[PDB]
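**Student:** Dropping the structure in here first, questions after.
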Amino acid sequence: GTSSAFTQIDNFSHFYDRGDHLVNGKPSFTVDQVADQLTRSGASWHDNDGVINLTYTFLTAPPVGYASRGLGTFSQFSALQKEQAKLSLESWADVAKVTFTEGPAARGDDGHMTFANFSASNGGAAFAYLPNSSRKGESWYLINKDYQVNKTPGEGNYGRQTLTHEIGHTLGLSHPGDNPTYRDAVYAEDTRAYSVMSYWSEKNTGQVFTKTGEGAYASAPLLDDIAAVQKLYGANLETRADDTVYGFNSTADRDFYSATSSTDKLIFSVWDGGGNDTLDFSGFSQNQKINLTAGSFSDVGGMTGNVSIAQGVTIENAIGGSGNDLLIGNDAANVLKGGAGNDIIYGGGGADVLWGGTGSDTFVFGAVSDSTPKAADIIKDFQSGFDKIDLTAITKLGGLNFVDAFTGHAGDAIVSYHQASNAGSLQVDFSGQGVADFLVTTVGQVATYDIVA
Ligand SMILES: [Ca+2]
Ligand SMILES: [Ca+2]
Ligand SMILES: [Ca+2]
Ligand SMILES: [Ca+2]
Ligand SMILES: [Ca+2]
């Protein structure tokens, strides 16, 4: 058996696992399976400069044969829409190798896009065509007394997501499946928790973004969307290859990645081209569960299944909030700051920098490889009597034999201290080989009682 602390960690790094099992009776699809699913039409924009350069035009006047569409009264895009449309395009252009330049159909471009608003409710809230049809690149939006959604698009609302949705469609992605309901979906993760393309809400899959009466929709391409658009046009590695901070104190320069308040509802998927990165959810007071695993999910800002790191992305640091959080790292050096409260931190691979912050924080180790002597973890703010080092994942509650020197017997551990630099160190002999095979260094005293194993 392990401790409760560990289980919470193991369970959360498995809570969102996809593939090879049934969920709600429907098969579970790994992102790759969903990237296939979402691009099953074979429709796409063509290229051999290895990049797609699309141009677009907010239509000023109705095109030839416009009246025969039955959409009623043609209207031009407002400044608000144009401004939101541009953020949407951009959000797509960041993850995949595609660019959208405002301008008329050119001789040297890979296709042209057009945005316009109609008035007759017969048309539908909005629609777009696939990149291989005759009306390719177009997308129309309904706007009348009875339907005001597309009137004021802004971060968080469906008016904006509708733009991210329609653009994804014109780019080549299709709705997850073909009065239908989520019962009729081909797979489990067919919710707007995984794709902006889905017709179903996060509650079908268990996630919780908002309560009754309020709306919440991710402005930018979610998890599956990025994989699918990247499958089509390749990942854009040059975007944010610098040192990006996401969430609070963000340096992402994107509205959907920005938080400045405790009430903020963040629903996003992190895409980044390199550098050393941080997910800072420090401004939050609710219990969070941040997972730094590529393609994994987090429960952020009082919500659940709302944040994720895109498949094939490395995010090195996490900053929880003042709640009892959980921080799960990757195989890389991680600076994991619990921030404040009673949280559990899991470094994982490599030598991590762990900060428990105030409160009685737990640092958990599941492998000997997590904290080896030749590349060990460091708990900078270790407070004895309150904090605790969990090794139950490795010892299974078999205990350790605290000694001053290694006796070549397995389970022999040594708590050392160096007052003249406030530093302790937990050393262990899991193999009983006579020497250390696990080491954790602290700043602040670590007592033998502060160990759980
Ligand atoms: Ca970066
Ligand atoms: Ca804390
Ligand atoms: Ca915390
Ligand atoms: Ca790590
Ligand atoms: Ca580690």
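If you're wondering about the labels, chains in the structure tokens are A, B, ... by order shown, residues count from 1 in each chain, ligands from 1 in order shown.
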I need the helix (DSSP H, G or I) residues of range 278-446 of chain A per DSSP on the backbone, written as a PyMOL selection string.

**Tutor:** chain A and resi 392-395

**Student:** Since we have the selection now, will you write its residues out, keeping N, CA and C atoms, as a compact mmCIF listing (two decimals), in the first residue's frame?

**Tutor:**
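Now in out20.txt:
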# COMPACT_ATOMS: atom_id res chain seq x y z
N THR A 392 6.45 6.41 0.22
CA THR A 392 5.54 5.27 0.26
C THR A 392 5.34 4.67 -1.12
N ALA A 393 5.53 5.47 -2.16
CA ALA A 393 5.38 4.96 -3.52
C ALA A 393 6.49 3.94 -3.81
N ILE A 394 7.65 4.13 -3.18
CA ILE A 394 8.79 3.24 -3.38
C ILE A 394 8.90 2.14 -2.30
N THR A 395 8.74 2.52 -1.03
CA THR A 395 8.84 1.59 0.10
C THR A 395 7.59 0.77 0.43

**Student:** I need the residues of range 159-351 of chain A that end up classed as strand (DSSP E or B) by DSSP on the backbone, written out as a ChimeraX atom specification.

**Tutor:** /A:208,235,245-248,258-259,268-270,278-280,289-291,297-299,304,307-309,317-319,326-328,335-337,344-346

**Student:** Neighbours of ligand 2 at 6 Å or closer, counting only C-alpha atoms and all ligand atoms: which residues, as number ranges by chain?

**Tutor:** A: 338-343, 356-359, 361

**Student:** Taking only C-alpha atoms and all ligand atoms into account, which residues have an atom no farther than 12 Å from ligand 3? I'd like them as a PDB file with N, CA, C and O atoms, in the first residue's frame.

**Tutor:**
ATOM      1  N   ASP A 280       1.468  29.441 -14.403  1.00  0.00           N
ATOM      2  CA  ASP A 280       1.288  30.139 -13.140  1.00  0.00           C
ATOM      3  C   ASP A 280      -0.195  30.312 -12.855  1.00  0.00           C
ATOM      4  O   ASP A 280      -0.861  31.137 -13.472  1.00  0.00           O
ATOM      5  N   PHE A 281      -0.706  29.526 -11.920  1.00  0.00           N
ATOM      6  CA  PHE A 281      -2.100  29.627 -11.503  1.00  0.00           C
ATOM      7  C   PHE A 281      -2.081  30.072 -10.031  1.00  0.00           C
ATOM      8  O   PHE A 281      -2.850  29.613  -9.210  1.00  0.00           O
ATOM      9  N   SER A 282      -1.169  30.990  -9.735  1.00  0.00           N
ATOM     10  CA  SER A 282      -0.954  31.553  -8.420  1.00  0.00           C
ATOM     11  C   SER A 282      -2.049  32.484  -7.919  1.00  0.00           C
ATOM     12  O   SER A 282      -2.168  32.706  -6.716  1.00  0.00           O
ATOM     13  N   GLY A 283      -2.780  33.104  -8.842  1.00  0.00           N
ATOM     14  CA  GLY A 283      -3.825  34.028  -8.454  1.00  0.00           C
ATOM     15  C   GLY A 283      -5.096  33.316  -8.068  1.00  0.00           C
ATOM     16  O   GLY A 283      -6.088  33.946  -7.711  1.00  0.00           O
ATOM     17  N   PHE A 284      -5.074  31.994  -8.139  1.00  0.00           N
ATOM     18  CA  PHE A 284      -6.254  31.224  -7.802  1.00  0.00           C
ATOM     19  C   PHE A 284      -6.283  30.796  -6.342  1.00  0.00           C
ATOM     20  O   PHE A 284      -5.241  30.574  -5.725  1.00  0.00           O
ATOM     21  N   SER A 285      -7.487  30.731  -5.786  1.00  0.00           N
ATOM     22  CA  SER A 285      -7.682  30.367  -4.393  1.00  0.00           C
ATOM     23  C   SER A 285      -8.258  28.967  -4.217  1.00  0.00           C
ATOM     24  O   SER A 285      -8.167  28.395  -3.125  1.00  0.00           O
ATOM     25  N   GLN A 286      -8.856  28.437  -5.290  1.00  0.00           N
ATOM     26  CA  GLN A 286      -9.485  27.118  -5.297  1.00  0.00           C
ATOM     27  C   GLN A 286      -8.441  26.017  -5.436  1.00  0.00           C
ATOM     28  O   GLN A 286      -7.313  26.266  -5.870  1.00  0.00           O
ATOM     29  N   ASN A 287      -8.797  24.796  -5.051  1.00  0.00           N
ATOM     30  CA  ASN A 287      -7.853  23.689  -5.172  1.00  0.00           C
ATOM     31  C   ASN A 287      -7.638  23.391  -6.653  1.00  0.00           C
ATOM     32  O   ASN A 287      -8.590  23.230  -7.409  1.00  0.00           O
ATOM     33  N   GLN A 288      -6.390  23.407  -7.089  1.00  0.00           N
ATOM     34  CA  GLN A 288      -6.100  23.118  -8.481  1.00  0.00           C
ATOM     35  C   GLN A 288      -5.325  21.815  -8.594  1.00  0.00           C
ATOM     36  O   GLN A 288      -4.909  21.240  -7.593  1.00  0.00           O
ATOM     37  N   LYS A 289      -5.181  21.323  -9.815  1.00  0.00           N
ATOM     38  CA  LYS A 289      -4.467  20.072 -10.067  1.00  0.00           C
ATOM     39  C   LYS A 289      -3.777  20.274 -11.403  1.00  0.00           C
ATOM     40  O   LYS A 289      -4.358  20.087 -12.468  1.00  0.00           O
ATOM     41  N   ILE A 290      -2.548  20.751 -11.313  1.00  0.00           N
ATOM     42  CA  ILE A 290      -1.745  21.055 -12.478  1.00  0.00           C
ATOM     43  C   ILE A 290      -0.867  19.862 -12.836  1.00  0.00           C
ATOM     44  O   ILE A 290      -0.186  19.309 -11.966  1.00  0.00           O
ATOM     45  N   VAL A 300      -7.979  23.716 -13.361  1.00  0.00           N
ATOM     46  CA  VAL A 300      -7.514  25.058 -13.038  1.00  0.00           C
ATOM     47  C   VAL A 300      -8.572  26.074 -12.609  1.00  0.00           C
ATOM     48  O   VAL A 300      -9.717  26.016 -13.039  1.00  0.00           O
ATOM     49  N   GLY A 301      -8.180  26.952 -11.692  1.00  0.00           N
ATOM     50  CA  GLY A 301      -9.047  28.013 -11.223  1.00  0.00           C
ATOM     51  C   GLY A 301     -10.428  27.692 -10.712  1.00  0.00           C
ATOM     52  O   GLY A 301     -11.351  28.504 -10.886  1.00  0.00           O
ATOM     53  N   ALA A 318       5.425  24.914 -12.914  1.00  0.00           N
ATOM     54  CA  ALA A 318       4.050  25.092 -12.500  1.00  0.00           C
ATOM     55  C   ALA A 318       3.993  25.812 -11.184  1.00  0.00           C
ATOM     56  O   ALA A 318       4.814  25.585 -10.296  1.00  0.00           O
ATOM     57  N   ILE A 319       3.031  26.721 -11.094  1.00  0.00           N
ATOM     58  CA  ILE A 319       2.797  27.503  -9.893  1.00  0.00           C
ATOM     59  C   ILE A 319       1.312  27.390  -9.514  1.00  0.00           C
ATOM     60  O   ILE A 319       0.434  27.881 -10.224  1.00  0.00           O
ATOM     61  N   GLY A 320       1.044  26.646  -8.443  1.00  0.00           N
ATOM     62  CA  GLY A 320      -0.311  26.489  -7.973  1.00  0.00           C
ATOM     63  C   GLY A 320      -0.751  27.783  -7.316  1.00  0.00           C
ATOM     64  O   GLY A 320      -0.048  28.800  -7.388  1.00  0.00           O
ATOM     65  N   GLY A 321      -1.926  27.752  -6.698  1.00  0.00           N
ATOM     66  CA  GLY A 321      -2.442  28.931  -6.036  1.00  0.00           C
ATOM     67  C   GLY A 321      -2.460  28.716  -4.541  1.00  0.00           C
ATOM     68  O   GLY A 321      -1.803  27.793  -4.037  1.00  0.00           O
ATOM     69  N   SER A 322      -3.236  29.523  -3.821  1.00  0.00           N
ATOM     70  CA  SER A 322      -3.295  29.375  -2.374  1.00  0.00           C
ATOM     71  C   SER A 322      -4.247  28.278  -1.904  1.00  0.00           C
ATOM     72  O   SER A 322      -4.692  28.281  -0.763  1.00  0.00           O
ATOM     73  N   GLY A 323      -4.532  27.323  -2.783  1.00  0.00           N
ATOM     74  CA  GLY A 323      -5.398  26.217  -2.422  1.00  0.00           C
ATOM     75  C   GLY A 323      -4.554  24.959  -2.262  1.00  0.00           C
ATOM     76  O   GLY A 323      -3.335  24.991  -2.510  1.00  0.00           O
ATOM     77  N   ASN A 324      -5.180  23.879  -1.776  1.00  0.00           N
ATOM     78  CA  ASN A 324      -4.513  22.592  -1.609  1.00  0.00           C
ATOM     79  C   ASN A 324      -4.464  22.032  -3.020  1.00  0.00           C
ATOM     80  O   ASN A 324      -5.423  21.409  -3.482  1.00  0.00           O
ATOM     81  N   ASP A 325      -3.365  22.278  -3.714  1.00  0.00           N
ATOM     82  CA  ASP A 325      -3.248  21.826  -5.077  1.00  0.00           C
ATOM     83  C   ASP A 325      -2.490  20.509  -5.191  1.00  0.00           C
ATOM     84  O   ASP A 325      -2.271  19.805  -4.210  1.00  0.00           O
ATOM     85  N   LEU A 326      -2.140  20.178  -6.424  1.00  0.00           N
ATOM     86  CA  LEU A 326      -1.371  18.996  -6.770  1.00  0.00           C
ATOM     87  C   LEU A 326      -0.581  19.463  -7.985  1.00  0.00           C
ATOM     88  O   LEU A 326      -1.121  20.160  -8.871  1.00  0.00           O
ATOM     89  N   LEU A 327       0.713  19.166  -7.989  1.00  0.00           N
ATOM     90  CA  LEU A 327       1.550  19.549  -9.106  1.00  0.00           C
ATOM     91  C   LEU A 327       2.291  18.311  -9.569  1.00  0.00           C
ATOM     92  O   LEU A 327       2.946  17.646  -8.774  1.00  0.00           O
ATOM     93  N   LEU A 336       8.654  23.591  -9.293  1.00  0.00           N
ATOM     94  CA  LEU A 336       7.256  23.458  -8.945  1.00  0.00           C
ATOM     95  C   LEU A 336       6.985  24.141  -7.637  1.00  0.00           C
ATOM     96  O   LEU A 336       7.463  23.696  -6.600  1.00  0.00           O
ATOM     97  N   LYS A 337       6.227  25.235  -7.687  1.00  0.00           N
ATOM     98  CA  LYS A 337       5.894  25.984  -6.481  1.00  0.00           C
ATOM     99  C   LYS A 337       4.439  25.800  -6.070  1.00  0.00           C
ATOM    100  O   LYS A 337       3.522  26.261  -6.744  1.00  0.00           O
ATOM    101  N   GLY A 338       4.231  25.108  -4.962  1.00  0.00           N
ATOM    102  CA  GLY A 338       2.888  24.916  -4.486  1.00  0.00           C
ATOM    103  C   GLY A 338       2.227  26.260  -4.240  1.00  0.00           C
ATOM    104  O   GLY A 338       0.998  26.381  -4.337  1.00  0.00           O
ATOM    105  N   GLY A 339       3.045  27.276  -3.960  1.00  0.00           N
ATOM    106  CA  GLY A 339       2.540  28.612  -3.703  1.00  0.00           C
ATOM    107  C   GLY A 339       2.169  28.794  -2.245  1.00  0.00           C
ATOM    108  O   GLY A 339       2.964  29.317  -1.462  1.00  0.00           O
ATOM    109  N   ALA A 340       0.975  28.332  -1.875  1.00  0.00           N
ATOM    110  CA  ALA A 340       0.452  28.438  -0.510  1.00  0.00           C
ATOM    111  C   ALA A 340      -0.632  27.389  -0.307  1.00  0.00           C
ATOM    112  O   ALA A 340      -1.424  27.097  -1.214  1.00  0.00           O
ATOM    113  N   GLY A 341      -0.672  26.838   0.898  1.00  0.00           N
ATOM    114  CA  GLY A 341      -1.661  25.825   1.223  1.00  0.00           C
ATOM    115  C   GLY A 341      -1.064  24.447   1.434  1.00  0.00           C
ATOM    116  O   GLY A 341       0.169  24.281   1.501  1.00  0.00           O
ATOM    117  N   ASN A 342      -1.941  23.454   1.550  1.00  0.00           N
ATOM    118  CA  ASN A 342      -1.499  22.074   1.748  1.00  0.00           C
ATOM    119  C   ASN A 342      -1.568  21.300   0.475  1.00  0.00           C
ATOM    120  O   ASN A 342      -2.600  20.708   0.134  1.00  0.00           O
ATOM    121  N   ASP A 343      -0.447  21.302  -0.228  1.00  0.00           N
ATOM    122  CA  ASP A 343      -0.395  20.607  -1.485  1.00  0.00           C
ATOM    123  C   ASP A 343       0.662  19.551  -1.549  1.00  0.00           C
ATOM    124  O   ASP A 343       1.532  19.466  -0.684  1.00  0.00           O
ATOM    125  N   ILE A 344       0.537  18.728  -2.585  1.00  0.00           N
ATOM    126  CA  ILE A 344       1.426  17.618  -2.861  1.00  0.00           C
ATOM    127  C   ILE A 344       2.167  17.876  -4.166  1.00  0.00           C
ATOM    128  O   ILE A 344       1.557  18.141  -5.183  1.00  0.00           O
ATOM    129  N   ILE A 345       3.486  17.807  -4.133  1.00  0.00           N
ATOM    130  CA  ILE A 345       4.290  18.079  -5.314  1.00  0.00           C
ATOM    131  C   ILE A 345       5.064  16.858  -5.783  1.00  0.00           C
ATOM    132  O   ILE A 345       5.723  16.203  -5.003  1.00  0.00           O
ATOM    133  N   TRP A 355       9.169  24.083  -4.335  1.00  0.00           N
ATOM    134  CA  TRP A 355       8.868  25.123  -3.335  1.00  0.00           C
ATOM    135  C   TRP A 355       7.507  24.841  -2.732  1.00  0.00           C
ATOM    136  O   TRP A 355       6.517  24.998  -3.410  1.00  0.00           O
ATOM    137  N   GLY A 356       7.449  24.435  -1.470  1.00  0.00           N
ATOM    138  CA  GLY A 356       6.168  24.141  -0.848  1.00  0.00           C
ATOM    139  C   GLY A 356       5.369  25.377  -0.454  1.00  0.00           C
ATOM    140  O   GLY A 356       4.142  25.311  -0.271  1.00  0.00           O
ATOM    141  N   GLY A 357       6.050  26.519  -0.360  1.00  0.00           N
ATOM    142  CA  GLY A 357       5.383  27.742   0.040  1.00  0.00           C
ATOM    143  C   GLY A 357       4.943  27.563   1.479  1.00  0.00           C
ATOM    144  O   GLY A 357       5.422  26.663   2.189  1.00  0.00           O
ATOM    145  N   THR A 358       4.034  28.415   1.928  1.00  0.00           N
ATOM    146  CA  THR A 358       3.523  28.325   3.289  1.00  0.00           C
ATOM    147  C   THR A 358       2.685  27.044   3.391  1.00  0.00           C
ATOM    148  O   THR A 358       2.515  26.349   2.378  1.00  0.00           O
ATOM    149  N   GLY A 359       2.158  26.750   4.594  1.00  0.00           N
ATOM    150  CA  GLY A 359       1.356  25.540   4.831  1.00  0.00           C
ATOM    151  C   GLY A 359       2.161  24.243   5.070  1.00  0.00           C
ATOM    152  O   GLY A 359       3.402  24.256   5.095  1.00  0.00           O
ATOM    153  N   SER A 360       1.463  23.118   5.206  1.00  0.00           N
ATOM    154  CA  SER A 360       2.121  21.833   5.432  1.00  0.00           C
ATOM    155  C   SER A 360       2.132  20.989   4.140  1.00  0.00           C
ATOM    156  O   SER A 360       1.339  20.047   3.976  1.00  0.00           O
ATOM    157  N   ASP A 361       3.105  21.284   3.278  1.00  0.00           N
ATOM    158  CA  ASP A 361       3.269  20.648   1.978  1.00  0.00           C
ATOM    159  C   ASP A 361       4.000  19.293   1.903  1.00  0.00           C
ATOM    160  O   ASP A 361       4.975  19.046   2.621  1.00  0.00           O
ATOM    161  N   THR A 362       3.521  18.435   0.992  1.00  0.00           N
ATOM    162  CA  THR A 362       4.067  17.085   0.759  1.00  0.00           C
ATOM    163  C   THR A 362       4.801  16.959  -0.581  1.00  0.00           C
ATOM    164  O   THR A 362       4.257  17.299  -1.619  1.00  0.00           O
TER     165      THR A 362
END

**Student:** Smallest atom-to-atom distance to residue 389 in chain A: which of A:96, A:415, A:351, A:241, using only C-alpha atoms?

**Tutor:**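 Counting only C-alpha atoms, the residue closest to residue 389 in chain A is A:415.
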
**Student:** Using only C-alpha atoms for the distances, tell me which of A:353, A:391, A:208, A:375 is nearest to residue 307 in chain A.

**Tutor:** A:208
